[PDB]
Amino acid sequence: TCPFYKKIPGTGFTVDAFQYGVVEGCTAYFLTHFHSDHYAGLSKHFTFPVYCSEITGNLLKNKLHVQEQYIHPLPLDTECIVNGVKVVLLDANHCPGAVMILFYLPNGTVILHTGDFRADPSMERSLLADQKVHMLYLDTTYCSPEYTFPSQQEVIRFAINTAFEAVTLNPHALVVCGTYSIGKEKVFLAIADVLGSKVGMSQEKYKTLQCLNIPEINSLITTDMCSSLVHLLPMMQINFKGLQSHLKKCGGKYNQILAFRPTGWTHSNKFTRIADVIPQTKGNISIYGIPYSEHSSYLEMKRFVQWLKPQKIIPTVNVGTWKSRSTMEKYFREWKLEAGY
Ligand code: NI
């Protein structure tokens, strides 16, 4: 049964609610982004209207085989009427195709559902600027002050400089980057650009990348592993055993691997600056964990909410424990007292 924080009161609508069967009263199912915890339940047999971005729609059709007649893509930054209710989709600064949804309820209430997001000051000049929001359904993944990490630009700077140094010292080194979902494509694209290489990957991952509307993508990626010196592999294979086994398959072309695991936050963030990060090494294999996040830091989240000044907040992440829920409620009250709304 569908939980309350996935329902939009005063409408026929749900958000990211595909794993509960036929939801009673639901006339349109919104999908914020193509990540498995959110799409869980969709398949080619789904027969209700799905509303989403163009990119999410490409993935639904090609990867999950949802039939075209049930896919309803909407442009961003554009007022649209859905089953008699005005909606707007906004870029969520998460993975490709990820949106926030603004719902203008027939009674005058305005609701923002962030989906998953990485808050940014640029959002303060979107269509959010123009009116008041009563209810915020908020991605609270990192809602605690211990969660710090650097900008995405600092992280990419570190990775580019690391890869270019290693391969210039040793032209026979291979770079490998882990992946298990869409998102974080800048990591592998930036490294391949500095090295003058295409990114090599499986047929299944190439298929997924071809759904994302990235400019000039045919110039950047390939299924011909032999022609490429940046390879993508499943995240599960980014360990000493998995990488040893991959180096065997490369036909003595390479004699060293430098690999990247983009994670979210890890507790080595509490002590170490990005500049100071070091790898784990065994023989001719080195593995860097790099803190590339597609969710808001605590400070970014706090800034956004203090700017928006919502009347009520409904968390969508970490809602399963009493300790979590109490911690989050305390920070929301601090923020409101500090800012005066
Ligand atoms: Ni996500």
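The first residue of the sequence shown is numbered 1, and numbering continues consecutively from there. Just follow the structure's listing: the first ligand is 1, and inside any ligand the first atom is 1. Only this structure's heavy atoms are used, side chains among them; waters, hydrogens and symmetry mates stay out.
The pair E294-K184 fails the salt-bridge criterion, with no side-chain N (NZ, NE, NH1 or NH2) lying under 4.0 Å from an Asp/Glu carboxylate O. The pair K302-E334 does not meet the salt-bridge criterion, since no charged nitrogen lies less than 4.0 angstrom from a carboxylate oxygen.
Around the Ni ion (ligand 1), the protein atoms of type N, O or S that sit closer than 2.8 Å are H33 NE2, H35 ND1, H94 NE2, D116 OD2.
With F30 as the fixed residue, the ring-ring contact (aromatic ring centres under 6.0 Å, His included) test singles out one of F103, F18, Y137: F103. When the options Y51, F13, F46 are evaluated for a ring-ring contact (aromatic ring centres under 6.0 Å, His included) with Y29, the one that passes is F46.
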Donor-acceptor contacts, no H, no angles, side chain residues 70-82, under 3.5 Å, sequence neighbours left out:
residue, atom, partner, partner atom, Å
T78, OG1, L76, O, 2.8
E79, OE2, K86, NZ, 3.1

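The closest side-chain heavy-atom distance from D116 to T32 is not below 4.5 Å.
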